[PDB]
Chemist: 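Can you keep this structure in mind? I'll have questions shortly.
By convention in this document, chain letters (A, B, ...) are assigned in the order of the sequence lines, proteins followed by strands, and residues within each chain are numbered from 1. Any value given below was found using the heavy atoms of this structure, including those in side chains, with hydrogens, waters and symmetry copies removed. When a ligand or atom number is given, it counts from 1 through the structure's own listing order.
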Amino acid sequence: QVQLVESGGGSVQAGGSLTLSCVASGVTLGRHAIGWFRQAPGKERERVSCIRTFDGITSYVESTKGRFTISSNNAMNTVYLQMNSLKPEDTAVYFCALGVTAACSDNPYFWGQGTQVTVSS
Amino acid sequence: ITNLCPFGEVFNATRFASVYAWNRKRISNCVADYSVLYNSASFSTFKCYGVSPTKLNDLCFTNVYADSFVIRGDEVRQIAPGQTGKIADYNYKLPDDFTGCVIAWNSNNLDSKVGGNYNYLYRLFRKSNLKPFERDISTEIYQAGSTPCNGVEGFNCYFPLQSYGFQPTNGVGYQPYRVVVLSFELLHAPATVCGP
Ligand SMILES: *[C@@H]1O[C@H](CO)[C@@H](O)[C@H](O)[C@H]1NC(C)=O
């Protein structure tokens, strides 16, 4: 069965950087869309970033472009979210999420437990 | 009218095939200096089966088939008679009685780049193993679970091809290798491909 093993996150100062890792098991990266969601206090869970592991094409939302870069290492079954220029409003639980199709625009199927990220002003 | 075999077009091709869609070139009615290939420092694998590489310049074949593709360094061991694994089972299979040479070289400098190279694919799933020298370019959704897929990619219903996503800083076993397989044909017929 599919597991998403998350690591990284914790506390960081504003303007600092963090790297979340997501390692998939029970699936081999190279076909499916995989990405990051977050849920901040008082806000609905939302899309952060996604990568198509079939063709490497990445997608972002307005608030994350430039500061965050999603990447895959298909051979390592690992995806990375490099979080730069972090702001207090980036404080949230971050979830790795894996699709059952190649399209980032499709809905996620598998979810990680989530990792707390807390950004201090 | 003696033609030089066009081995340059194979080894020095600008583009290489994905292994699932491996390329074949038929070589005939020409002379080749196999010694020049065999003695090249360019190759990290040069393994022959059924013939001695030192005798190739003294032999004539009814045809030579040159098959070429890209796989990972740690998969080159599968391009040999009697091997198993995703590449030998589902992508490119040599027969037990193979007569030919398997040639490979590291292509990280051409076939990986910063951001990854996702262009090269392999077949990860198949209901049965390939026959020797079979090519499968089909894309039927593969049923891994109990639920029929009805042609729909989804839970336990897999598109059968995946990208290597070669990343340049990975170690040698993960790096792309260009492979050329020379099959020496031995029909009871005139032999039209010779050494010098
Ligand atoms: C491929 O090109 C190299 C560099 O130009 C050349 O030395 C070599 O002869 C070529 N290989 C074959 C098999 O023609």
Chemist: Could you check atom 1 (C) of ligand 1 against the protein and tell me its nearest heavy-atom contact, residue, atom and distance included?
Modeler: B/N12 ND2, 1.4 Å

Chemist: Report the C-alpha separation of B/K93 and B/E134 in whole Å, then their side-chain angles, then the decisive distance to 0.1 Å, and conclude whether the salt bridge (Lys or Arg N to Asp or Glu O under 4.0 Å) test is met.
Modeler: CA-CA 7 Å; B/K93 179 59 172 179; B/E134 188 173 8; over 6 Å; no

Chemist: With the threshold set strictly below 4.0 angstrom, can you tell me whether any protein non-hydrogen atom sits that near atom 5 (O) of ligand 1?
Modeler: no

Chemist: Do we get B/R26 above B/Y65's six-membered ring, with its NZ or CZ under 6.0 Å from the centre and within 45° of the axis?
Modeler: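 Not flagged: B/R26 not positioned over aromatic ring of B/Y65.
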
Chemist: Do any non-hydrogen protein atoms sit less than 4.0 Å from atom 9 (O) of ligand 1?
Modeler: no

Chemist: Would you kindly check if the NZ (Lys) or CZ (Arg) of A/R45 is within the cone defined by 45 degrees around the ring axis of A/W111 and under 6.0 Å from the six-membered ring centre?
Modeler: yes

Chemist: Is any NZ, NE, NH1 or NH2 atom of the basic residue among A/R38 and A/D90 found under 4.0 Å from an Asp or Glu carboxylate oxygen of the other?
Modeler: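 A salt bridge links A/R38 with A/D90.
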
Chemist: For atom 13 (C) of ligand 1, find the nearest protein heavy atom and state the residue, atom name and distance (0.1 Å precision).
Modeler: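 Minimum-distance protein heavy atom for atom 13 (C) of ligand 1 reads B/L37 CD2, 3.4 Å.
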
Chemist: Would you mind running through ligand 1 and noting each atom that sits below 4.0 Å from a heavy atom of B/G8?
Modeler: 14 (O)

Chemist: Which label fits B/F43 and B/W105: parallel for a plane angle under 30°, tilted from 30 to 60°, or perpendicular past 60°?
Modeler: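 B/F43 and B/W105: tilted rings.
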
